[PDB]
Ligand SMILES: *[C@@H]1O[C@H](CO)[C@@H](O[C@@H]2O[C@H](CO)[C@@H](O[C@@H]3O[C@H](CO[C@H]4O[C@H](CO)[C@@H](O)[C@H](O)[C@@H]4O)[C@@H](O)[C@H](O[C@H]4O[C@H](CO)[C@@H](O)[C@H](O)[C@@H]4O)[C@@H]3O)[C@H](O)[C@H]2NC(C)=O)[C@H](O)[C@H]1NC(C)=O
Ligand SMILES: *[C@@H]1O[C@H](CO)[C@@H](O[C@@H]2O[C@H](CO)[C@@H](O[C@@H]3O[C@H](CO[C@H]4O[C@H](CO)[C@@H](O)[C@H](O)[C@@H]4O)[C@@H](O)[C@H](O[C@H]4O[C@H](CO)[C@@H](O)[C@H](O)[C@@H]4O)[C@@H]3O)[C@H](O)[C@H]2NC(C)=O)[C@H](O)[C@H]1NC(C)=O
Ligand SMILES: *[C@@H]1O[C@H](CO)[C@@H](O[C@@H]2O[C@H](CO)[C@@H](O[C@@H]3O[C@H](CO[C@H]4O[C@H](CO)[C@@H](O)[C@H](O)[C@@H]4O)[C@@H](O)[C@H](O[C@H]4O[C@H](CO)[C@@H](O)[C@H](O)[C@@H]4O)[C@@H]3O)[C@H](O)[C@H]2NC(C)=O)[C@H](O)[C@H]1NC(C)=O
Ligand SMILES: *[C@@H]1O[C@H](CO)[C@@H](O[C@@H]2O[C@H](CO)[C@@H](O[C@@H]3O[C@H](CO)[C@@H](O)[C@H](O)[C@@H]3O)[C@H](O)[C@H]2NC(C)=O)[C@H](O)[C@H]1NC(C)=O
Ligand SMILES: *[C@@H]1O[C@H](CO)[C@@H](O[C@@H]2O[C@H](CO)[C@@H](O)[C@H](O)[C@H]2NC(C)=O)[C@H](O)[C@H]1NC(C)=O
Ligand SMILES: *[C@@H]1O[C@H](CO)[C@@H](O[C@@H]2O[C@H](CO)[C@@H](O)[C@H](O)[C@H]2NC(C)=O)[C@H](O)[C@H]1NC(C)=O
Ligand SMILES: *[C@@H]1O[C@H](CO)[C@@H](O[C@@H]2O[C@H](CO)[C@@H](O)[C@H](O)[C@H]2NC(C)=O)[C@H](O)[C@H]1NC(C)=O
Ligand SMILES: *[C@@H]1O[C@H](CO)[C@@H](O[C@@H]2O[C@H](CO)[C@@H](O)[C@H](O)[C@H]2NC(C)=O)[C@H](O)[C@H]1NC(C)=O
Ligand SMILES: *[C@@H]1O[C@H](CO)[C@@H](O[C@@H]2O[C@H](CO)[C@@H](O)[C@H](O)[C@H]2NC(C)=O)[C@H](O)[C@H]1NC(C)=O
Ligand SMILES: *[C@@H]1O[C@H](CO)[C@@H](O[C@@H]2O[C@H](CO)[C@@H](O)[C@H](O)[C@H]2NC(C)=O)[C@H](O)[C@H]1NC(C)=O
Ligand SMILES: *[C@@H]1O[C@H](CO)[C@@H](O[C@@H]2O[C@H](CO)[C@@H](O)[C@H](O)[C@H]2NC(C)=O)[C@H](O)[C@H]1NC(C)=O
Ligand SMILES: *[C@@H]1O[C@H](CO)[C@@H](O[C@@H]2O[C@H](CO)[C@@H](O)[C@H](O)[C@H]2NC(C)=O)[C@H](O)[C@H]1NC(C)=O
Ligand SMILES: *[C@@H]1O[C@H](CO)[C@@H](O[C@@H]2O[C@H](CO)[C@@H](O)[C@H](O)[C@H]2NC(C)=O)[C@H](O)[C@H]1NC(C)=O
Ligand SMILES: CCCCCC/C=C\CCCCCCCC(=O)O
Ligand SMILES: CCCCCC/C=C\CCCCCCCC(=O)O
Ligand SMILES: *[C@@H]1O[C@H](CO)[C@@H](O)[C@H](O)[C@H]1NC(C)=O
Ligand SMILES: *[C@@H]1O[C@H](CO)[C@@H](O)[C@H](O)[C@H]1NC(C)=O
Ligand SMILES: *[C@@H]1O[C@H](CO)[C@@H](O)[C@H](O)[C@H]1NC(C)=O
Ligand SMILES: *[C@@H]1O[C@H](CO)[C@@H](O)[C@H](O)[C@H]1NC(C)=O
Ligand SMILES: *[C@@H]1O[C@H](CO)[C@@H](O)[C@H](O)[C@H]1NC(C)=O
Ligand SMILES: *[C@@H]1O[C@H](CO)[C@@H](O)[C@H](O)[C@H]1NC(C)=O
Ligand SMILES: *[C@@H]1O[C@H](CO)[C@@H](O)[C@H](O)[C@H]1NC(C)=O
Ligand SMILES: *[C@@H]1O[C@H](CO)[C@@H](O)[C@H](O)[C@H]1NC(C)=O
Ligand SMILES: *[C@@H]1O[C@H](CO)[C@@H](O)[C@H](O)[C@H]1NC(C)=O
């Protein structure tokens, strides 16, 4: 892994940046503000019409139809009037013979599926059911007043062609949520009040009286509050940076901040700044440092030494009183 | 007279992959397509720090015998004084009233630290084991660490420099080099310095008391100024500027992670939670480009500052060698007078 | 070796970065002016080429700034090199610690990529000679008492087995016989002076 | 031989809000969200100019008696000469030909 | 200070509340112009936010900190009023009032179980634009949507927005550490400084509140927006400096 990160198969001795661990499968935690439960399903029906061109290729008709659920005696504008919603697409295929009359089912060559592509919208249609929150979300077949639009396309074994457009009118907020607990002390994928990420959530006994959630200077979530009992939870990344020491193409040690095993190393010691894991059988030591870093050095047996300042006898002083020393026996230094 | 000279910079380690991608596995594969972009930044930053460490290490040194004599207790005792110096009460003598503010004392928190050093380090975070427990909300330094920004100690350290300066101070009174720590009074060394300036032909009416009193009063007024005389003001301003610049540089790099770079959001997890991968990749590429440009600018500014501190350290080395470890024959080099 | 390698690598990298910026289209359809004029009519092509012009001018400005900064730094380094040549190679310096760590004997120079390498030959001691030193001589001519100090403050006065006075430098142990022209006569004496009569005085 | 060395720069003061907003009352209200941004710029410039002024002022000095003798007219006269130099016509002497341009 | 023990009642006079109790009071008299004095404690006072909360720092902000009037509610007293956001020059004001229009109204009260409403389950009654009447009501049991509920209780309290006597919106349970409620005439509600919900713009609002037998005294502040430098430590206000003069 270090070789792949460093883009070379022959590593020179030294220190290389690694992660304290790797993140695999995780659970999802979602936290929202209290509300009533009222869920709606929005089913969109797309009827595609296909013909065969004079060149023998499938052509998707512009006479394909989109049908939204019935609302206020209409099926051209459907909007949300509940607290939660989900969206589904149901597709159908028909065939024609250049007469624009669709009476037969779609053949194997002409079979197509209806796909809704992002278009100009700042979200995907398939991602609406991923806990996105709006103050207003409302779909139309007419372009007036629309903030953005999706693209309706027919996908065939050899092609994909846009046939229609679906327009969206939305207002940001948290009143409506699109839908398909809290996990503590383990790495989890969290969506807390619209803040999304991966990390570890822990319960602290701190007492912050103001606000709901807290962020860092870069915008990362650092903690949040439970709206029922006012308990503050802290959020930390579930991996940190570490330094691996490589001598003669092998891992001999690793400096880290988490007191947990990494990189296959078992033994460890504590230094005023970090934890040093190593192959050396820990419970100082005398060895020659092979590699150096900051104020410390690492030997060939994976042991840690601290580099001291240079020592000298001292400077001769301009004093003529008592017993004094004058240098006598001289060699040459270059 | 007081003079401040900067010797080293504060080394900063940047984890480029964690700065650009906030640990997101999908952003890492996208950043891989930028060939050797993080590697170049990391290598430049590491090479600069290694060169500075090598240059600094060939300048600091200590001697054990001089370290045994460099304390207020040693200067106030008559233990190490050579037998001929029986009339003298202690090493420091009438000069001690000043030397007590400059010499290290055991009435201090850290080893080899003096009162003036305490005042300077109070008037004008290194442990990252506290940023992982999650017992409270993280502070600024822990958050910067979460963003891939670490501040490390180098070979040049407040401990090694204190040992260096204490050994330099204690080496003035070391009478011989072959064996144990033999000591001479401070007044004897001052008399030798006076003889170097001009051969003293009045051996009877010596008036070193006037010089000692003036030195004590000057050191006392300097110590007052450091805790609450234009040289002291200039030194304080220079130290404050040096400290402020590095903090501003670090904070400006963290404020660039809140920039959209013409994308829908500034959060990679927010982009990958709202868009299909074909479009989320095109939105994340802009953040990757902008966040790499920011790191390149940071590296350039750091290398320029290291280049200037090189010359500053050369001047400091000359001052130590020619004003502290010897008496200079250059006019006006070690102060006005 | 590290310094020379860093110098070479940085020089190369600056030019490489300058060259790599010609593949950047600054919000334009292409980074090739010929292709732009081949694909678009002049009124649109000019508006497309303006972006390339602006971006390339900005790149040139950045290159010029970094070049001037590097030149100032090398100017300081060249001043240091000239001082080293004049005071370590073309003469012997009286400055402590300037031409290496130790007592400077001589220096040689060789050419290196973009500069010079200095070989400083210095003296390294391996032993110390211990002598009992004196600050002066309190001389008594029966009733008249005066003092003798040393003209040169760089010399140390001591006594051999036969109680003859010798002078030595403190840089190296090279004892010599002390004569009367090496002393200055003064009125007072000191408690740390050595007591001697006119018989034992230097000749 | 002639040598030139630079001793100081030409200091510049910037009013951050007047540069960004051309005295517009409405633009200043938007810049309040960047009040830290302008304060960082102004402090960096003022501190750099204060430190150069401190170092230049501790380098220059004059002597009142030396400035009296520092003129072409004073070197061409014998008014300030010690009376033991009565055999000399003036201070400048034969070196006055080149000292008159300095 | 009153002390009753076994039928014997004693009382002491207190000039400084902090001296007799150890912590500062929230009753203050605004200076000329409507500014909070320079040594105030800011105990039930928060920074209003629609986003994350600042923990520690210094910020120049436009906040409702210009006090048109401060109303100290005496111990064992009732504060009842139907206030339309247009002038707050009342005789209950502590100090000198201002004739400016009011933007925000803040109740600086520990909303514990000892707080009781004289309107029943209704805590606030809002008359919105067009004469639409909304109501904030907290009950001892949950209410189904578009339905209705079917002196003090103990346990959780569930709070609702009612439009025509039927539950329109569910807000949540009342937390145990509510210290201030700020209401803006544009319909925004801030609880401990955070905007939890909003309604239509409010033409006029009615309330009728009391702290019962606690003997606790609290304040209502009528406030307007102003520019100020605020220092915050642990999400709490430490110092407020108004930009009301040249040196300021
Ligand atoms: C500038 O240049 C000067 C030279 O002029 C350098 O000073 C010399 O530095 C060396 C290295 O520190 C000094 O030598 C060391 O002395 C130690 C003490 O000696 C004791 O033991 C020996 C027997 O071993 C006795 O003869 C002696 O009387 C003492 O009792 C030695 O222990 C050191 O040995 C080294 O090698 C062994 C073998 O591996 C190691 O185990 C030791 O740890 C050690 O590394 C060594 O000999 C020397 O005395 C200094 N000389 C002078 C004249 O000062 C400066 O260091 C240099 N400065 C800079 C900044 O580079
Ligand atoms: C509204 O809600 C708040 C909660 O935020 C309540 O506030 C606390 O209430 C208690 C009870 O009155 C106050 O307690 C007093 O604390 C003093 C010590 O305090 C300061 O320093 C400590 C540090 O240790 C802080 O933690 C603390 O907050 C204070 O700032 C004690 O000295 C007081 O009691 C002592 O003195 C009295 C009189 O001399 C004696 O009779 C006692 O025996 C004792 O020696 C007292 O315990 C506390 O200060 C309040 N905290 C605050 C304001 O932050 C409000 O009381 C509550 N109000 C209503 C209307 O219910
Ligand atoms: C949390 O989030 C909410 C929602 O975004 C924010 O709400 C806004 O709050 C501001 C107050 O800070 C409201 O601003 C006011 O709007 C009034 C109505 O606007 C109409 O009329 C004005 C002209 O009078 C037109 O310019 C405008 O286009 C509208 O047609 C204005 O009348 C107010 O200005 C008046 O009062 C101010 C003093 O308060 C005077 O200085 C003015 O001269 C004038 O007399 C003012 O502009 C805004 O309407 C709210 N938006 C809404 C309700 O959607 C919160 O501010 C935010 N909270 C925090 C703490 O961040
Ligand atoms: C800062 O420097 C000033 C001098 O510029 C110091 O003031 C001086 O203090 C000494 C006392 O230590 C005064 O001494 C004379 O001393 C003898 C001592 O026996 C005393 O008998 C005389 O009455 C007289 O005080 C000295 O005159 C005084 N100088 C001035 C100008 O007032 C001051 O103490 C220094 N502050 C420190 C050291 O922190
Ligand atoms: C899409 O809908 C249109 C309109 O309803 C359909 O076209 C109609 O087809 C019927 C026969 O089923 C004809 O009688 C009408 O005259 C047609 N209308 C028009 C305007 O041409 C069309 O078949 C649908 N397309 C599909 C199902 O692919
Ligand atoms: C906020 O606190 C409440 C109350 O402590 C938590 O609700 C409890 O959740 C646990 C675990 O699901 C249940 O066993 C309890 O019965 C619940 N208690 C009540 C009173 O409802 C709630 O889970 C906390 N919020 C989060 C997001 O964890
Ligand atoms: C300097 O060292 C000499 C030895 O080189 C010391 O002389 C010796 O002193 C000891 C201790 O008193 C005696 O036992 C020896 O007999 C002395 N030796 C000789 C040859 O006389 C001398 O005392 C030292 N001088 C000082 C000032 O410390
Ligand atoms: C400097 O080195 C010389 C040569 O090694 C030393 O002289 C020797 O001293 C020992 C001990 O007294 C004698 O046994 C040898 O015979 C000497 N050698 C010669 C060639 O004369 C000398 O001692 C050293 N100087 C010191 C240690 O101060
Ligand atoms: C500043 O000092 C200079 C001298 O260093 C003063 O110059 C003197 O000015 C007076 C009045 O113009 C002349 O008569 C003298 O001849 C000048 N002196 C010399 C030595 O040339 C100057 O006046 C001072 N300025 C102030 C404001 O006091
Ligand atoms: C120095 O003073 C002498 C004597 O006054 C100046 O020489 C005179 O120059 C004027 C023209 O400026 C002639 O008319 C006189 O004949 C000269 N007098 C002589 C030669 O005795 C001379 O110019 C002055 N030099 C300077 C100012 O550099
Ligand atoms: C209220 O008054 C009672 C008495 O009425 C006080 O209780 C007394 O406290 C003192 C110490 O101060 C004890 O020695 C007495 O024994 C107590 N008396 C009784 C009757 O129990 C009580 O401290 C007062 N409360 C205050 C001042 O807060
Ligand atoms: C606030 O609520 C209180 C408590 O309900 C009201 O007090 C009532 O006043 C009416 C007359 O207006 C009396 O008949 C009731 O007996 C009172 N109830 C009590 C004292 O418990 C009070 O009127 C309300 N204040 C207003 C509307 O301003
Ligand atoms: C809510 O406010 C509206 C504001 O219009 C009140 O309606 C007014 O009531 C007054 C009462 O004197 C009438 O004279 C006005 O004609 C009404 N205006 C309109 C536009 O209808 C309304 O009464 C208030 N509602 C409550 C319950 O107090
Ligand atoms: C009683 C009037 C309406 C109250 C509505 C209450 C509903 C939601 C607000 C939750 C506020 C949480 C604030 C933090 C509480 C704490 O610190 O314990
Ligand atoms: C008409 C405008 C005249 C401007 C005169 C400027 C006056 C004083 C100098 C201001 C700048 C001082 C340099 C920085 C140091 C500091 O701000 O303290
Ligand atoms: C998710 O939570 C379950 C319990 O609900 C737990 O057993 C499981 O290990 C968790 N999964 C992961 C991938 O951490
Ligand atoms: C919508 O489609 C689902 C399947 O996706 C179906 O079960 C459900 O009945 C439909 N809901 C409607 C039409 O309201
Ligand atoms: C909607 O259409 C139906 C016929 O399907 C009609 O009876 C009804 O009155 C219409 N709704 C309204 C509100 O007019
Ligand atoms: C490490 O050493 C201990 C004794 O200090 C021993 O018991 C243990 O087995 C060793 N571990 C190894 C060799 O892995
Ligand atoms: C490092 O130097 C210090 C200070 O002289 C000394 O106390 C310590 O023992 C040294 N460490 C080693 C391993 O020699
Ligand atoms: C020299 O003689 C004086 C008295 O004249 C005496 O005090 C002193 O100790 C003597 N010094 C030495 C070095 O013998
Ligand atoms: C409000 O008071 C100010 C003085 O504070 C006065 O000038 C103004 O006329 C008053 N406005 C009204 C509407 O009464
Ligand atoms: C609410 O209070 C009523 C009486 O006021 C009682 O009948 C009912 O059970 C209470 N509900 C709960 C959940 O305690
Ligand atoms: C409110 O409910 C009443 C009956 O309680 C009814 O007469 C009236 O029409 C309702 N108004 C609205 C707007 O629903």
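As a convention, Cβ positions derive from the backbone with ideal geometry for all residues, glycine included, and neighbour counts pool all protein chains shown. Rule-based calculations on the coordinates, nothing more; no lab input.
Residues in the range B:251-278 that are closer than 18 Å to residue B:292 by Cβ and touching a strand residue (DSSP E or B) at 6+ places or on another chain (Cβ under 8 Å): B:253, B:254, B:267. For the range C:135-153, residues that are surrounded by 14 or more Cβ atoms within 10 Å (Cβ to Cβ) and either more than 7 Å from chain A (Cβ to nearest Cβ) or in contact with a helix residue (DSSP H, G or I) (Cβ under 6 Å, 6 or more places away or on another chain) (or both) total 10. Exactly one residue among A:292, A:283, A:325, A:321 is facing another protein chain (nearest Cβ under 10 Å) and under 45 Å from the mean Cα position of the chain (by Cα), and that residue is A:292.
If the condition is being assigned to a strand (DSSP E or B) and more than 26 Å from residue A:192 (Cβ to Cβ), then the range A:101-144 contributes A:104, A:105, A:112, A:113, A:114, A:115, A:116, A:117, A:138, A:139, A:140.
Restricting attention to the range A:265-276, does a residue exist that is farther than 14 Å from residue A:16 by Cα, within 28 Å of the chain's Cα centre (by Cα) and part of a loop (DSSP other than H, G, I, E, B)? Within the range A:265-276 (the criterion being farther than 14 Å from residue A:16 by Cα, within 28 Å of the chain's Cα centre (by Cα) and part of a loop (DSSP other than H, G, I, E, B)), the answer is yes, since at least one residue qualifies.
For the residues C:48, C:11, C:23, C:92, the requirement of being more than 13 Å from chain B (Cβ to nearest Cβ) and closer than 30 Å to residue A:316 by Cβ singles out C:92.
The set of residues in the range E:171-195 being touching a strand residue (DSSP E or B) at 6+ places or on another chain (Cβ under 7 Å), within 16 Å of ligand 6 (Cβ to nearest atom) and on the phi < 0 side of the Ramachandran plot consists of E:171, E:173, E:174, E:178. Considering the conditions (1) within 16 Å of the chain's Cα centre (by Cα); (2) under 28 Å from residue E:212 (Cα atoms), residue E:137 is excluded by exactly one of them, (1).
Just one of the listed residues (E:100, E:94, E:43, E:62) is more than 16 Å from ligand 23 (Cβ to nearest atom) and part of a strand (DSSP E or B), namely E:62. Considering only residues in the range B:51-83 that are touching a strand residue (DSSP E or B) at 6+ places or on another chain (Cβ under 7 Å) and over 14 Å from residue A:312 (Cβ atoms), the one that is farthest from ligand 3 (Cβ to nearest atom) turns out to be B:82.
The criterion of being outside any loop (DSSP other than H, G, I, E, B), surrounded by 11 or more Cβ atoms within 10 Å (Cβ to Cβ) and more than 24 Å from the chain's Cα centre (by Cα) does not hold for residue E:14.
Residues of the range B:129-149 that are outside any helix (DSSP H, G or I), more than 7 Å from chain A (Cβ to nearest Cβ) and buried (at least 20 other Cβ atoms within 10 Å of the Cβ): B:149 alone.
Conditions (1) part of a strand (DSSP E or B); (2) within 13 Å of chain A (Cβ to nearest Cβ); (3) within 16 Å of ligand 6 (Cβ to nearest atom); (4) surrounded by 14 or more Cβ atoms within 10 Å (Cβ to Cβ), marked per residue:
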residue	(1), (2), (3), (4)
E:107	yes, no, no, yes
E:111	no, yes, no, yes
E:124	yes, no, no, yes
E:130	no, no, no, no
E:144	no, yes, no, no
E:169	yes, yes, no, yes
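Among the conditions (1) farther than 23 Å from residue E:41 by Cβ; (2) more than 16 Å from ligand 22 (Cβ to nearest atom); (3) surrounded by fewer than 16 Cβ atoms within 10 Å (Cβ to Cβ), the only one that residue E:159 does not satisfy is (3). If you go through the range E:213-224 one residue at a time, do you hit one that is within 14 Å of chain A (Cβ to nearest Cβ), away from ligand 2 (no atom under 16 Å from the Cβ) and either closer than 26 Å to residue E:90 by Cα or surrounded by fewer than 19 Cβ atoms within 10 Å (Cβ to Cβ) (or both)? No, the range E:213-224 contains no residue that is within 14 Å of chain A (Cβ to nearest Cβ), away from ligand 2 (no atom under 16 Å from the Cβ) and either closer than 26 Å to residue E:90 by Cα or surrounded by fewer than 19 Cβ atoms within 10 Å (Cβ to Cβ) (or both). Within this structure, residue A:18 fails the test of being within 16 Å of ligand 16 (Cβ to nearest atom) and within 12 Å of another protein chain (Cβ to nearest Cβ).
For the range A:166-198, which residues satisfy the criterion of being crowded, with 17+ Cβ neighbours inside 10 Å and under 30 Å from residue A:49 (Cα atoms)? Across the range A:166-198, the qualifying residues are A:166, A:167, A:168.
All conditions in (1) surrounded by fewer than 21 Cβ atoms within 10 Å (Cβ to Cβ); (2) more than 7 Å from every other protein chain (Cβ to nearest Cβ) hold for residue B:196, with the sole exception of (2). Can you tell me which residue within the range B:89-128, out of those that are within 30 Å of residue A:224 (Cβ to Cβ) and under 19 Å from the mean Cα position of the chain (by Cα), is farthest from the other protein chains (Cβ to nearest Cβ)? Among those residues, the one meeting the criterion is B:125.
Per the listing E:110, E:68, the residue uniquely within 16 Å of the chain's Cα centre (by Cα) and farther than 18 Å from residue E:242 by Cα is E:110. For the range A:211-228, a residue qualifies if it is within 25 Å of residue E:44 (Cβ to Cβ), surrounded by 22 or more Cβ atoms within 10 Å (Cβ to Cβ) and more than 7 Å from every other protein chain (Cβ to nearest Cβ), and the qualifying residues are A:224, A:225.
Restricting A:198, A:169 to those that are out of contact with any helix residue (DSSP H, G or I) (no Cβ under 6 Å at 6 or more places or on another chain), in a strand (DSSP E or B) and under 24 Å from residue A:43 (Cβ atoms) reduces the list to A:169. Being more than 16 Å from ligand 22 (Cβ to nearest atom), in contact with a strand residue (DSSP E or B) (Cβ under 7 Å, 6 or more places away or on another chain) and assigned to a loop (DSSP other than H, G, I, E, B) is a property that holds for residue A:280. Screening A:241, A:257, A:216, A:294 for residues that are at positive phi, touching a helix residue (DSSP H, G or I) at 6+ places or on another chain (Cβ under 9 Å) and away from ligand 22 (no atom under 16 Å from the Cβ) leaves exactly one candidate, A:294.
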